[PDB]
Amino acid sequence: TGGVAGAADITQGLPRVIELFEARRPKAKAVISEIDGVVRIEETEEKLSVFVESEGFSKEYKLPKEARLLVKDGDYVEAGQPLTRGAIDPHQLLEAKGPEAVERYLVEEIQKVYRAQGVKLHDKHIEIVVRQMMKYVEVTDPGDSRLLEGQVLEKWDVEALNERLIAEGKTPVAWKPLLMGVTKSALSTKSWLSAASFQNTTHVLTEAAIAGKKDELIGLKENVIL
Amino acid sequence: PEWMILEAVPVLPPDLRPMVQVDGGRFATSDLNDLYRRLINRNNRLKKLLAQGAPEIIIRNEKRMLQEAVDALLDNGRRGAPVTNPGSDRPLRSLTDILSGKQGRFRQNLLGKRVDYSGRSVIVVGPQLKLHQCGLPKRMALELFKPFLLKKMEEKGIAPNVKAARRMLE
Amino acid sequence: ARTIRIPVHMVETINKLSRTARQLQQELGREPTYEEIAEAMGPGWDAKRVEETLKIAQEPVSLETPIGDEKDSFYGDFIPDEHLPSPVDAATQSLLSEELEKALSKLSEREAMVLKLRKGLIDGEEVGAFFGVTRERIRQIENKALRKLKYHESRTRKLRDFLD
Amino acid sequence: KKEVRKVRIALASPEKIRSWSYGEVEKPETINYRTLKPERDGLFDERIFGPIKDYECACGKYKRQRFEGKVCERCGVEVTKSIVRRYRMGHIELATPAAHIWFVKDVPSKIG
Amino acid sequence: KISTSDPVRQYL
Amino acid sequence: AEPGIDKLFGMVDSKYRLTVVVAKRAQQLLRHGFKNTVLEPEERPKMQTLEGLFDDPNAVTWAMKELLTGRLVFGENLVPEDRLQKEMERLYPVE
Amino acid sequence: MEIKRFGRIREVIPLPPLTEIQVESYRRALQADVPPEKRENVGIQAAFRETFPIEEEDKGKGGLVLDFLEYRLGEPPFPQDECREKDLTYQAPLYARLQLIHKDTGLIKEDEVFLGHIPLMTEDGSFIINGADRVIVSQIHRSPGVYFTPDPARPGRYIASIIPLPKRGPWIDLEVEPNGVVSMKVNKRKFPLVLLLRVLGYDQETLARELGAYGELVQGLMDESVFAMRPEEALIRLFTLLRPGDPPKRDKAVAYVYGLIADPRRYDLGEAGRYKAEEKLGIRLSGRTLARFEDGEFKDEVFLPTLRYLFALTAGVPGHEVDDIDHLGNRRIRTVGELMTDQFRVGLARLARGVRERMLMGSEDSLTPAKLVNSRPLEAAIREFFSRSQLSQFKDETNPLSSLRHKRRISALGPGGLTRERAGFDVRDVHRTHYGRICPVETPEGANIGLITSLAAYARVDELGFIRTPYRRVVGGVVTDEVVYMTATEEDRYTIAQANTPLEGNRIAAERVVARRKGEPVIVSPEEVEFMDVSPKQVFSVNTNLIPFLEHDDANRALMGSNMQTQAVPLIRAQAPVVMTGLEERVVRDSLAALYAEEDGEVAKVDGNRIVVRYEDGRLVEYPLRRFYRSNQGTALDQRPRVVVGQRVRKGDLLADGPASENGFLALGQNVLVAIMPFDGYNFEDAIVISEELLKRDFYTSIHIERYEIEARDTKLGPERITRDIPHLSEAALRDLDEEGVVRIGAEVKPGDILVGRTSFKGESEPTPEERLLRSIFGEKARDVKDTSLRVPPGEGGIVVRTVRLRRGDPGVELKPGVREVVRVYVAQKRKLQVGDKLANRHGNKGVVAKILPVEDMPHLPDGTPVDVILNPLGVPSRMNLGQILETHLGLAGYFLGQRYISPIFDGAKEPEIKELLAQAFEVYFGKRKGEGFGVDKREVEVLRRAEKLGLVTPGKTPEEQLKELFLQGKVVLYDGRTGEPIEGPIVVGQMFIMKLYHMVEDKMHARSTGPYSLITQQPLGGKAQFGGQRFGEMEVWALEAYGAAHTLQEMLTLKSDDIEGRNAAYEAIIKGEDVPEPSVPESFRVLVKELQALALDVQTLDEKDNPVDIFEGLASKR
Amino acid sequence: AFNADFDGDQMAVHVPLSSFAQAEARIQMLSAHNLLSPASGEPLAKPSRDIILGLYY
Ligand SMILES: CCCC/C(C)=C/C=C(\C)C(=O)c1c(O)cc(CCC/C=C/NC(=O)OC)oc1=O
Ligand SMILES: [Mg+2]
Ligand SMILES: [Zn+2]
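Sequence lines, in order, name chains L, A, H, W, R, Z, G and V. First residue of the first sequence: 1, per my numbering; consecutive thereafter. First residue of the second sequence: 227, per my numbering; consecutive thereafter. First residue of the third sequence: 397, per my numbering; consecutive thereafter. First residue of the fourth sequence: 561, per my numbering; consecutive thereafter. First residue of the fifth sequence: 673, per my numbering; consecutive thereafter. First residue of the sixth sequence: 685, per my numbering; consecutive thereafter. First residue of the seventh sequence: 780, per my numbering; consecutive thereafter. First residue of the eighth sequence: 1899, per my numbering; consecutive thereafter.
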């Protein structure tokens, strides 16, 4: 949404619900507070600057000229809180407050659009979708397969639980909650059948092949094909 | 991993790459057959070039052609685009792209089956009609429920049998 | 060059037709009637010949061409199937064989099975049709069983409705 | 007789290429016009891919169902309707190999 | 690149 | 709508169970013969060209009408899989 | 009857010749009517001149000069009608004079060579390519001129652009990126803007000071001095810059190309490109483009002015140099002529190509005729344009108006060079310039919106495609008739006013009165009004101008109105609207519906088939009347007389009426009295309730016709005989097959009757071993031929009205190869109005008949006259077209006043005048009621009670005075009809015009049980005697997926469509009252698996335990 | 439920062939059984354009 011109700040309508389901870079991004502390601002000519600080540490964040700041010199700002005005990038909010924050940010900011036009759809539905936007997690402390890999969350709760409950052998599998847009979430799933369905099918197959992938039939598209 | 290199090219079934009689004397065949010939001819010319004697510029020249052809049937267009002959500067369809076209991004490109007991007409408000029902043209009900009717035809004196009942309604 | 193979004669033959054609158009301003191509070509050329050659020369049509508006229309969807028995046919040969088999069992196997197997099993000659018994008992039972079979089938009209 | 539960794509071993196949397609001739019938040993050949005519064979030596499954002598033919023709695979054997473009040219060359 | 030129280059 | 649909919905643990039961019940109502029903007596299925639904109109309308009564029993594993078809053949005749 | 038209607007000039666009575009395209001594040399002759002087000099021996003398085409091979009976393409033969010169003594002139058969146009404006009348649609694009435009990535400064069409011809751009470079691109890569000027002769000192003294950017020009110090060497230097590895020496070769002939263009010297020059930038251009080859030293009056203006455009206000591309002075319209002349040129080039080869082939000097010319290129080229061009399409003759529109609609899409579908939203919208030039309403609902559109009322293509339009000349506060057809560009220079401005004759009447400078509404004074609009009409298209009170209807649903008329079906009873705009009359006349009289005279004979009038000049001519003719779409085109025997004829008076005219007036549909209220539910969202009485009279009824054909083919199994012989069962079917073979004329053919019979052979010599037995048994009636006979497809036929039997080919008809003979069978049928049909007024109210009520019980007025159709109010608020509610009112008056009126587009009727006519109506409706003997009902008073409590009648007055009030409001009292009681509250009623719409082939309510299937993909397939299945798409899958419809979905994918063994056992099972088997694998899958196996991938199904399972039953295993 | 007015919109019609297919079809897929929307627990069988107009007056 919007067009490069002077200062067009948000994105409305469907274009936005797109920008939301697929975790994307809003044009008017709002710098969030990675830190939860107190605010401090400055006057020099070119760029502004908001500083969050606790008895522990402080962090500066460049807030260029257009930046309309919502926070004032004085009070507290929880992690992932709007420090700039406008849109927020789900990934950032994820790494700041956590899965629990992006999730509910995605949901409500999506209904912000519908509600505004008239549509009254229950939250449930957007939840089911967003949920599977984060079904994936990244690995940093391996056991069975190399570290940098993106794999299904519960599929790790499988190998992890078994490794730790039984004597571990030695591997507590350390992961990182990963956020991916609805379109990519599904682009990369278990069953190659379904992946062959969505656009990339020349590749989907190639790799499902090499790995001798067995498609367990669960899920309707993959099972309807057959 | 040794299998990624092809030396034995599987050939798709024949009835799946028909040869049919159209109208007047015109024959229609699956584009695939023009690619297959390519391969076959080149593969043969190759063998004959090996046995005849072998100037190696000439053997590679063809080993290349051969490779290109091996591509063509599999997937056309990832490199150079094959055209039978003037009339259609249209890429000969190919296995790869037949499969894709199936489920790939387009509006449903070529996605959707056609059902055997169906039918459609213009709709019109049925005020007295109850939620429960809907008014369906009898004439439609007839070939819709034709087989279901045929036997109740037989279950009652209207017709002696099944083929009877069919011609009775032709 | 072509999909359907054609020997080097039909080839040099057809090339001459087209050659001869070009030359003919040079004069009339009328795409020659096949009458004029026969002539120009020579000794044994007639309409039936040019027409045929112009047909064999007609290369095939690509089973997969953009059809109607070019959008997304392949040509193959439009071609019907001709070996495969549409449900109507499966039903036909069901009753036909079901009751053709009922008649076959109720008849004397002597000349019924003879004509049933020498016409229905593999392809099949009167004298050579019956085992040891000559033609007088063949014709005898063939024509007498075949009519008794037909006249009772006349009573209980099952076959009357000409099956196909 | 067993509920299909898992589907699996896996690379094709040249020996499995031939495992699936029936006879080689060694000549470019589709269908010769005089007799609209599969010609030498080419794309269509009732013996490689299957019997074109429903249960009958090619020369007519054997023609009906009872002997279902036996092959002719001068013209190779095992029969079921034209459908077996429709499902059977034939193979071609290349002089000097070549490779799949699917594996060579995919952003991440799976061989590169 | 374009299969005609490198062969031509080749034998020419 | 259709007779005691609610009453029906209430009998099952799952909606999709009431669909499986009726559908399979209608199946057998035809297969073993149609009188397999438990309710021919005083009031049962009826149609008006003549009242003859008593014989074979809709299988499924029956199944529901019977299930709405408390005679049938639908379990997850009530009677051994293959052995039933055998004893049902034995007892219910015009097949 | 009579006619009254409200509040005038002084109509200054009549509407131009409507089909003018397509008619005379072909006139100036081909000049056959007038020999080569006439000056108009564009199009064909131009194209000819363009590629005729074929100069071929040296490579071996040359000095070839083939020259063009005169082009002349004249005797049509066959005529129009025979061209339709027989499949023929109506084309005129063309042979021009040609003479080739020699470098040796001799010039052989072989006069003619008939190359190219070029189609001709019908007097109406439509063609005849193959059997069907076709139409060439016009198009739009960027016209050739130099322009300047902004820069999107870097907000800094804008760049210049030189646009030269044809395609072959450079495309220049001037951009300055000062850290050290300037960019001037022809094909792509940039070079110093100065290296070129230096080549032509502009030196750093004279250039920089005169051009950019006022432009500091001049410093970028004199920057690379090292090269600017050598003139002619710069020519070679640039040569070096383009890159092949070319010979430095080539005196004046490539400079020529960007010089005089090819690349820049042969578009007429003077107005084609030099227009975009002198006004936009750089004032002079003689010689077509930057051209010269006289001294080897080139002159470029174009190269410097472009930079001139970039320097200027960047600097300040020389003028404000910003080009809105969507200015019609920039986006031009391609009329038919140009479209052909281009394809004619392409052919000529293809011709001139082959001929070049034969200048070396021919032995010695006799090489003029055959040695240089071959007609197969021009033929294939032109022929492909009229028959395969995406631009030429089936004429849409649902009804005349239609064809007229399709005759003049400008599409975007086309050559591909102009506007493909990718881009659009800037083109799709209506631009300020589209005024009087393109309707803002006519575009098509749907994906393809705003890109395809018909032009406006007076809007006409000046000689080169710039939709311009008429405007009067107001001098001071004085308005005049001298109308200037002003180009799109010049229009911006003046202050134009609207016609609505109060006028006494030549005077302007109000101080502050509207006008609009350039695309922007401006309240100007009488002293600034330089020009005035011709008519409100020129603002829209013909097709739209036909709407009564367009003024009160939302431009959105007026479009619907315009497009709806394009779907009007000719009714045997045609009526003009109770209220018309004023163009009905000229639509049928510019269109060629009705037959008008040349000069004055008297009528001799008035047949149902011919009116032989006899003029006063002492001459008499027979005017045939296309009795019943098939229209490309299937609508009746009958010319039916309107003049009696021995009659005076006005010059130009209707002798016969067209398919849809009543009396010279356009008529589609019929005026019918309508009550505007709610019925049960019969008119619920957009349903129409209709009175049976409408059917009693032959009111909404229309005649249809469709041609069924069948060929006798020549099979190698034996020719397909066409005989009365139908091998297998009854003579009862043969009755109407009267003439042995074909069906008898006037025969009633219902679905499934033999229209024609033919016979082919089946199986080879021995068909069925089992069935041969049956045949010997029951009765050997052996005639091996098969019944392949054209029968009446489901859906329906009517009565046979015409048949054509073309045997192998002795007329002048060419039969296709294999084709033994063809047999067509035209059939016609009456389509009565019925519940499935759909009717819609001009405003936009569209809807379908939901119930045909008995005149017995629908709403009836106090005096026994009941309403024919009952329209639901609710459909009026949401949509916004009160105009229909205004028509209904004016109508009510017209009914009791027995008159019809004409309310112009925006000046027409005005609420007081209509309340006035209603006043006059009240006396005819209630006046007679007084005299006839009775007063007011208990009911009539009762409704008045619920009327005053409402607020429609001034309490206290008398019922006779109250009802007048009530009536003036347009609503009268109505009783139920089914109860006699009144309908609480007055309801409006009146004469609303409503048309009936054409039924597409879709209308045919499909219904399919079982039927054919596709050969490769075995899915249900529509056929000759079975309907063909409906698609179950993704969206519909999910629908079921959402529900717990497990089996129903499986069914849709197996038993019903792909499960080969499934559908069979399915059928049979159903037949015995058994349930359908449970699904086998779908060929869908199997085709995939194999398609997948085709590629090295091995797809294998597996078991419980990873173990192969089998989809392909047993056909893949080579045991 | 189906966005459908009567300006010409045409509806398609299919037939449940197995006893099961119909079982589900009329038990859980018949119209009168699905009155409340899956989007909101708010009725979809809500008196439309005319019915209200009437019941209101
Ligand atoms: C390697 C390729 C995998 C993709 C794939 C399924 C190919 C299936 C092919 C070619 C078919 O034979 C085919 C079907 O079986 C079914 C339908 C219509 C039903 C569509 C159902 C869709 N559900 C869905 O999208 O559920 C979420 O379209 C079809 O074309
Ligand atoms: Mg609609
Ligand atoms: Zn044989």
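From the three backbone atoms N, C-alpha and C, an ideal C-beta is built for every residue, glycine too.
I need the boundaries of the beta strand (DSSP E) containing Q1608/G, first residue and last residue.
Residues 1598-1611.
Is it right to say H1099/G is buried, meaning 16 or more other beta carbons lie within 10 angstroms of its own, or is it exposed?
Under this definition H1099/G is an exposed residue.
Can you grab the Cα-Cα spacing for the pair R1352/G / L1671/G, in whole Å?
One C-alpha to the other measures close to 22 angstroms.
Tell me, please, whether the CB atom of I463/H is closer than 9 angstroms to any CB atom in chain A?
So no, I463/H is outside the interface.
Any beta carbon of chain V sitting closer than 9 angstroms to that of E750/Z?
Answer no: the Cβ-Cβ gap between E750/Z and chain V never drops below 9 angstroms.
Less than 8 angstroms between the CB atoms is what I'm expecting for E1549/G and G516/H, so what's the real figure, rounded?
Contact flag correct, Cβ pair sits at about 5 angstroms.
So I591/W contacts chain A; which residues on that side make the cut at Cβ distance below 7 angstroms?
By Cβ distance, chain A contributes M245.
Between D1465/G and ligand 2, is there a pair consisting of the residue's CB and a ligand heavy atom that are separated by less than 8 angstroms?
Yes, since a heavy atom of ligand 2 falls inside the 8 angstroms radius drawn around the Cβ of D1465/G.
Taking C-beta pairs closer than 8 angstroms, name the residues in chain V that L14/L reaches, listed in chain order.
Those within 8 angstroms of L14/L in chain V number zero; the least Cβ separation is about 17 angstroms.
Tell me whether the region 1732-1745 of chain G and the region 1416-1429 of chain G touch, counting them as touching only if at least three CB pairs, one residue from each stretch, are closer than 8 angstroms.
With the cut-off at 8 angstroms, the region 1732-1745 of chain G and the region 1416-1429 of chain G do not touch.
Could you tell me which residues DSSP puts in a beta bridge with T928/G?
BP columns for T928/G point to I938/G.
Examine the Cβ distances between the region 1586-1606 of chain G and the region 1486-1496 of chain G and report whether three or more of them are shorter than 8 angstroms.
Contact holds: three or more Cβ-Cβ distances are below 8 angstroms.
List the residues of chain B whose Cβ lies closer than 8 angstroms to the Cβ of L571/W, in chain order.
Looking at the structure shown, chain B is missing, and the protein chains on hand are L, A, H, W, R, Z, G and V.
Starting from the beta carbon of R624/W, find every residue of chain H whose beta carbon is closer than 7 angstroms, and list them in chain order.
In chain order: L517, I518.
To the nearest angstrom, report how far apart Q329/A and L178/L are at their CA atoms.
Roughly 28 angstroms between the two C-alpha positions.
Tell me where the beta strand (DSSP E) around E1381/G begins and ends.
It spans 1380-1385 - the beta strand (DSSP E) in which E1381/G sits, taken as one unbroken run.
Taking the beta carbon of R68/L as the centre, do at least 16 other beta carbons fall within 10 Å, making it buried, or is it exposed?
The residue is exposed, with fewer than 16 neighbouring Cβ atoms inside 10 Å.
On a Cα-Cα basis, can you pick out the residue from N1322/G, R1492/G, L1089/G, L1534/G that is closest to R1503/G?
Checking every option, the nearest Cα to that of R1503/G belongs to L1534/G.
When you compare the CB of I324/A with every CB in chain G, is at least one pair closer than 9 angstroms?
Cβ-Cβ to chain G under 9 angstroms: yes for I324/A.
Go through the region 1150-1224 of chain G residue by residue and report every complete run of the alpha helix (DSSP H) that reaches 4 residues or more, in order.
List check, alpha helix (DSSP H) in window: 1155-1167, 1179-1186, 1204-1207.
For residue 1911/G, list the residues DSSP reports as bridge partners.
Because chain G in this structure spans residues 780 to 1898, residue 1911/G falls outside the shown range and cannot be described.
DSSP on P1633/G, reduced to helix/strand/coil?
Residue state, collapsed to three classes: coil.
Just to confirm, are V1628/G and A1526/G a CB contact at a threshold of 9 angstroms?
Contact flag unset, no.
Answer yes or no: does any C-beta atom of chain A fall closer than 9 angstroms to that of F1904/V?
Taking Cβ atoms only, chain A reaches closer than 9 angstroms to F1904/V, which makes this a yes.
Output the distance between the C-alpha atoms of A992/G and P934/G, rounded to the nearest integer angstrom.
Whole-angstrom Cα-Cα distance: 25 angstroms.
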